[PDB]
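Presented as structure tokens, the chain that follows is alone, the form deposited without the RNA.
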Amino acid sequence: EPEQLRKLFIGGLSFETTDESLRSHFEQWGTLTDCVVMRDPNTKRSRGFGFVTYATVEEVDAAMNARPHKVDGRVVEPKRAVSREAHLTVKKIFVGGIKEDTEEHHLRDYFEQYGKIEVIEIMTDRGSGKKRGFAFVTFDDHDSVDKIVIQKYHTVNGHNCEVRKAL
């Protein structure tokens, strides 16, 4: 529902791309309430990026699931608009508050519905091997992380975890 969560920044645009062609393209995945190609204020030459705003987050998901997008012959780069202020495009997340009893399958089971998981790193003490209560999950795509980080809550193995982008 909030507009910010229904907006996609689309970089790598062909300078030929217009609001109309960008809209015609992205409308294939949902109702677009907004669609703008960023142009220079004087020359009107495209800035190479724009934004599209869907009527729903599900439509945003559909547009991201439909990548790679080739718009006007160019593979563009869609990213969800910053809930948290730019953009920190990472494929890794830190998951805190899992305690000493949340295992790898707990994390996979939960986080896999967000994207393809490549690495699950449940942190253990270097000396004792005891779980430290936090993990790192690496997906094959930044969008997984973007969907994840925007969530108000995360409950894995009964814990309310704190999930942040990992640098």
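All residue numbers are counted from 1 along the displayed sequence.
Legend entry - At least a third of the other entries leave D72 unmodelled: Modelled in all the others, so no.
| task | Decide, for the other PDB entries of this protein that were compared, whether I93 is missing from at least a third of their models. | result | Across the compared entries, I93 is modelled every time.
- How many missing residues of the deposited sequence lie between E85 and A86 in the entry, grouped as none, 1 to 3, 4 to 9, or 10 or more? The entry has 4 to 9 unmodelled residues between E85 and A86.
Query raised in the report: When the C-alpha temperature factors are averaged for each of 113-121 and 98-106, which stretch ends up with the higher value in the entry?
Result: Comparing 113-121 with 98-106, the higher mean C-alpha B-factor belongs to 98-106.
*asked:* Comparing average C-alpha B factors as deposited, tell me which of 25-33 and 125-133 sits higher.
replied: Mean CA B-factor is higher for 125-133.
Considering every modelled residue of the chain and its Cα B-factor in the PDB entry, is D143 in the lowest, middle or highest third? Lowest third, going by the recorded CA B-factors of the chain.
* To do: Consider only the C-alpha atoms of the modelled residues in this chain, order them by B-factor as the entry records it, and name the third containing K92: lowest, middle or highest.
  => Within its chain, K92 is a middle-third residue by C-alpha B-factor, going by the deposited values.
| query | So where's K44 on the chain's Cα temperature factor ranking, which third? | reply | According to the entry, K44 has a C-alpha B-factor in the chain's middle third.
Would you check the entry's CA temperature factor for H69 and let me know if it's in the chain's lowest, middle or highest third? Its C-alpha B-factor belongs to the lowest third of this chain's values.
* Name the third of the chain's ranked CA B-factors that contains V149, choosing lowest, middle or highest. => Ranked within chain, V149 CA B lands in the middle tercile.
Only in words, not in the display: the form solved in complex with the RNA, which the text now covers.
State yes or no: in the deposited bound form, is some non-hydrogen atom of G115 no more than 4.5 angstroms from a non-hydrogen atom of the RNA? No, no contact at 4.5 Å.
May I ask you to state whether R126 is within 4.5 Å of the RNA in the deposited bound form, using heavy atom distances?
Yes, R126 is a contact residue.
- Query: Is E1 close enough to the RNA in the deposited bound form to count, meaning some heavy atom within 4.5 Å?
  - Reply: Result no; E1 lies far from the RNA in the deposited bound form.
Margin query: Can you tell me whether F134 touches the RNA? I mean in the deposited bound form, with a 4.5 angstroms heavy atom cut-off.
Written below: Yes, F134 sits close enough to the RNA in the deposited bound form that at least one of its heavy atoms falls within 4.5 Å.
| message | Given a 4.5 Å cut-off on heavy atoms, tell me which of 57-65, 107-115, 94-102, 24-32 is the interface stretch with the RNA in the deposited bound form. | response | Looking at the other structure, the answer is 94-102.
Next on the checklist: At 4.5 Å, heavy atom to heavy atom, what parts of 1-31 sit next to the RNA in the deposited bound form? List them in sequence order, or say none.
Outcome noted: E3, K7, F9, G11, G12, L13, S14, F15, in sequence order.
Exercise. Classify the change in Cα distance between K152 and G11 in the deposited bound form as closer or farther, relative to the shown form (magnitude of 3 Å or more).
Key: Pair moves closer in the deposited bound form.
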